[PDB]
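Just the one chain here, the form deposited in one PDB entry, laid out as structure tokens.
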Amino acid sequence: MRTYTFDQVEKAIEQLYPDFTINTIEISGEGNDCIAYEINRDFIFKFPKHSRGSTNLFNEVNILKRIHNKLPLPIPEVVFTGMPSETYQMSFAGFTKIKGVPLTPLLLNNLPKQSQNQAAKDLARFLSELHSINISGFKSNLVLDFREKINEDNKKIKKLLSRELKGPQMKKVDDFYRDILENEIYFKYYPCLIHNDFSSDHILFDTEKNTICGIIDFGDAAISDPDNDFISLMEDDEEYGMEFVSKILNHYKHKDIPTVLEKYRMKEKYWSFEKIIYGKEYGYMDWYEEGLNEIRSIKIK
């Protein structure tokens, strides 16, 4: 992973946009892929920590352009873009800053009921529109076929762990994957554009009006199961929990809530495997070793 000096950030931007005066530059936050810099309190510029992150940033730029002006909450607008090199598909990008603070579960549960309900309705409406966007222009690098993802994961896990697990432990890994694969419910969805990291840290809130004022972080958006964007809201402490999320599902007119729950339960168990792979694909040994220990020692449905 690479980090950046403030000077490097300013030089990179100067190279392609020499007429843009930078007065203020501060780190705004940081995810798996990118470090974010707030520039002139007007813009957020993302700089990739690594190649994989850069490809995600390239995709985020492409998606945000394709959906500009289509959705009923504000989303970042692409204003500046960097260049490809032998290392990065895109060396940086600058988006409009969306104002607001994350709608944390704490903040949400302290709102008056009327604003909680309005927030659930505004989310459903946003997701209905997002999930309705015409996907036919989106190439295969943006398509995340869940069955292919599960089979490809099964193969990455075997390749990574065949020297790390004993016989019965790998047996339990095969039983687990066989069980998921034989359940049709995970695989029969109508593919749609999904945010795919749809959680409270990415939902921005205006406390003067008590209304959601933006959705951010599209670097994982992909063509996939629309249910992914309800399950990412559901974790009982970390996120909103079921009472709130069923108001979103009801506003969205979801026809099959129990399927949403079943997907959520499966994704809870699936986390150990995600941790191994993420471990290696994003260079986080801590996750790797945590996921390995869980496969080694603990029951998995």
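All residue numbers are counted from 1 along the displayed sequence. C-alpha atoms forming the largest set that superposes within 1.5 Å between two forms make up the rigid core.
Just so it is clear, the following notes concern the form deposited in another entry, a form of the same protein that is not shown.
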*Can you tell which of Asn154, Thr104, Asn210, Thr81 moves its Cα by 2 Å or more between this form and the one not shown, with the two forms laid on the rigid core?*
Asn154
*Pin down for me whether the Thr104-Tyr284 Cα distance shrinks or grows in the other entry relative to this form (closer or farther, change of 3 Å or more).*
closer
_Distance trend in the other entry - C-alpha atoms of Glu239 and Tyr284, change of 3 Å or more_ = closer
